[PDB]
Chemist: 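Please see the structure below; I have some questions.
No hydrogens, no waters, no symmetry mates; every other heavy atom, side chains included, goes into these values. Numbers restart at 1 for each chain; the letters A, B, ... are given by sequence-line order, proteins then strands.
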Amino acid sequence: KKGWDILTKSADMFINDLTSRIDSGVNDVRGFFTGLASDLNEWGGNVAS
Amino acid sequence: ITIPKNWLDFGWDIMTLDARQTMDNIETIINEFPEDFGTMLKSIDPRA
């Protein structure tokens, strides 16, 4: 009874993987939100120049 | 009649004793539902 969880405790994890592809993968609030600082250096550097 | 009373009556209680020798088998087979089958249910726990 002890070990006969393993092969589906892994099946909890197999979407803990796919959801990793959300937060570690294609994130917005980190990642794309870098534009909302780097663009201000592009615009800043340009306007200052 | 003394030969029945002392011996052959006991001989026919020995005919009657077949139950009280085969219930060994039957009740231990009742105990196979805890044992041989019982362990199989407790393997159906793992399967579940």
Side-chain angles (χ1 to χ4, degrees):
Chain A
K1 286 174 212 176
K2 75 188 202 306
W4 282 52
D5 287 356
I6 301 155
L7 302 184
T8 46
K9 187 150 196 283
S10 61
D12 295 320
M13 304 309 297
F14 297 150
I15 292 198
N16 303 347
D17 169 356
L18 297 191
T19 52
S20 291
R21 311 178 196 199
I22 307 170
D23 65 352
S24 299
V26 193
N27 206 310
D28 182 1
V29 295
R30 186 179 49 258
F32 288 106
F33 218 101
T34 60
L36 300 179
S38 65
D39 295 354
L40 303 171
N41 279 323
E42 289 192 51
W43 273 101
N46 289 347
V47 168
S49 66
Chain B
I1 306 173
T2 60
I3 293 162
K5 284 184 167 193
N6 203 24
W7 316 342
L8 315 181
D9 293 17
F10 177 24
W12 265 244
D13 263 300
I14 284 160
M15 173 273 295
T16 318
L17 184 67
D18 294 342
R20 283 165 160 168
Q21 281 191 355
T22 52
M23 286 189 292
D24 188 3
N25 308 337
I26 302 154
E27 296 187 315
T28 59
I29 289 160
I30 268 158
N31 285 277
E32 286 172 20
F33 292 93
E35 186 170 41
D36 286 354
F37 305 103
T39 56
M40 287 287 284
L41 335 167
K42 296 154 205 283
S43 86
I44 291 159
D45 276 319
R47 291 176 185 176

Chemist: In this structure, would B:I30 and B:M23 fall into the same cluster of hydrophobic residues linked by side-chain contacts under 4.5 Å?
Modeler: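 Different hydrophobic clusters.
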Chemist: Is it the case that more than 12 heavy atoms not belonging to B:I3 sit under 6.0 Å from its CD1 atom?
Modeler: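 At most 12 heavy atoms, drawn from other residues, nucleotides or ligands, come within 6.0 Å of this atom.
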Chemist: To the nearest 0.5 Å, how far apart are CZ in B:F10 and CG in B:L17?
Modeler: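 Those atoms lie 7.5 Å apart.
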Chemist: Does a sphere of radius 6.0 Å around CE in B:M40 hold more than 12 heavy atoms from other residues, nucleotides or ligands, not counting ones at 6.0 Å or beyond?
Modeler: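 For B:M40, atom CE is not crowded (no more than 12 foreign heavy atoms under 6.0 Å).
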Chemist: Could you check whether atom CD1 of B:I1 has more than 12 heavy atoms from other residues, nucleotides or ligands sitting under 6.0 Å from it?
Modeler: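 12 or below, so no.
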Chemist: Rounded to the nearest 0.5 Å, what's the gap from CG on B:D45 to OG1 on B:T39? Could you check?
Modeler: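 One gets 11.5 Å once the value is rounded to the nearest 0.5 Å.
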Chemist: Output every pair passing side chain to side chain donor-acceptor pair (under 3.5 Å) with a member in residues 19-44 of chain A, not counting sequence neighbours, ordered by first then second residue.
Modeler: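 Residue pairs with at least one partner in residues 19-44 of chain A: A:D17-A:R21.
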Chemist: Which heavy atom of A:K1 sits nearest a heavy atom of B:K42, and at what distance?
Modeler: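 That would be CE-O, 3.6 Å.
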Chemist: How many angstroms lie between OG1 in A:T8 and CE in A:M13, if you round to the nearest 0.5 Å?
Modeler: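 So the gap between those two atoms works out to 13.0 Å.
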Chemist: How close do A:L36 and A:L40 get, counting heavy atoms only, and between which atoms?
Modeler: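 Closest pair (atom of A:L36, atom of A:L40, distance): O-CD1, 3.4 Å.
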Chemist: Quick check for you: to the nearest 0.5 Å, what is the distance between B:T16 atom OG1 and B:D18 atom CG?
Modeler: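 Interatomic distance, B:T16 OG1 to B:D18 CG, rounded to 0.5 Å: 8.0 Å.
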Chemist: Just how far is it from atom CG of B:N25 to atom CG of B:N31, taken to the nearest 0.5 Å?
Modeler: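 Between atom CG of B:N25 and atom CG of B:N31 there are 12.5 Å.
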Chemist: Supply the atom-to-atom distance B:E32 CD to B:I26 CD1, rounded to the nearest 0.5 angstrom.
Modeler: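 Result: 12.0 Å between the selected atoms.
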Chemist: A quick test of your reading: do over 12 heavy atoms of other residues, nucleotides or ligands sit less than 6.0 Å from CD1 of A:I15?
Modeler: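 For A:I15, atom CD1 is not crowded (no more than 12 foreign heavy atoms under 6.0 Å).
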